[PDB]
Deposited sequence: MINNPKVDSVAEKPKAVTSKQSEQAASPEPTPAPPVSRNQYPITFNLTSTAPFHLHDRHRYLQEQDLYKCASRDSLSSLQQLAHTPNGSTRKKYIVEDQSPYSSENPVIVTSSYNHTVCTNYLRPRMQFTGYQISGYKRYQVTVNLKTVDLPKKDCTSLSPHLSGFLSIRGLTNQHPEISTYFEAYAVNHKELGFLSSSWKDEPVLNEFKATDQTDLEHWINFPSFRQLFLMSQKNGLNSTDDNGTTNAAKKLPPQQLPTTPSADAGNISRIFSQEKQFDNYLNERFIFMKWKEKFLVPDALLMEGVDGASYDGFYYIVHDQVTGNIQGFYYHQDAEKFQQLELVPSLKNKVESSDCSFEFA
């Protein structure tokens, strides 16, 4: 009759088991920062516009203390104008041990590509109305009072490109702000011997009604 119910011999229990390990696995995602979301938009250099497309591969944001150096985001970024596709990684700003100004970061080879002078970081962050409304020796004092960076409308992060995706890359990085309620990405490119304040802004593209997952062993 009902085979998969009459034949159920899996041992069901209800007692508080040995240590509860179900939680503290900080693999937190976001409504729009899921591991398959797509974004499309334009990058404005000078007065020319190029089309850009971003596909997210993995996302694991930390909900608590995070001394690990694993990337917070990862994806593919394609720029047309022929088409150049690159693999990029990303680190989010969580107000402790990953603060705004690049001095507060660690002295590691992994984190040494996302770094610049604090004055440059100020003059690049200050162009975001979210950054302005959220408030170099004053930020250090007032950032410690911020709590629960994930429970906020805007999330700030840095994007760096590592290599090219078909058979593995410009050496700058993006200041990025993500709007959690409308899913808009806005960023600026930075390099030392480059132009000044190159634009970037993206919108969700969105299948996409059903879910499927993976998990690293």
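In this entry, the deposited residues absent from the coordinate set span 1 to 90, 172 to 176, 231 to 268, 302 to 310, 349 to 351.
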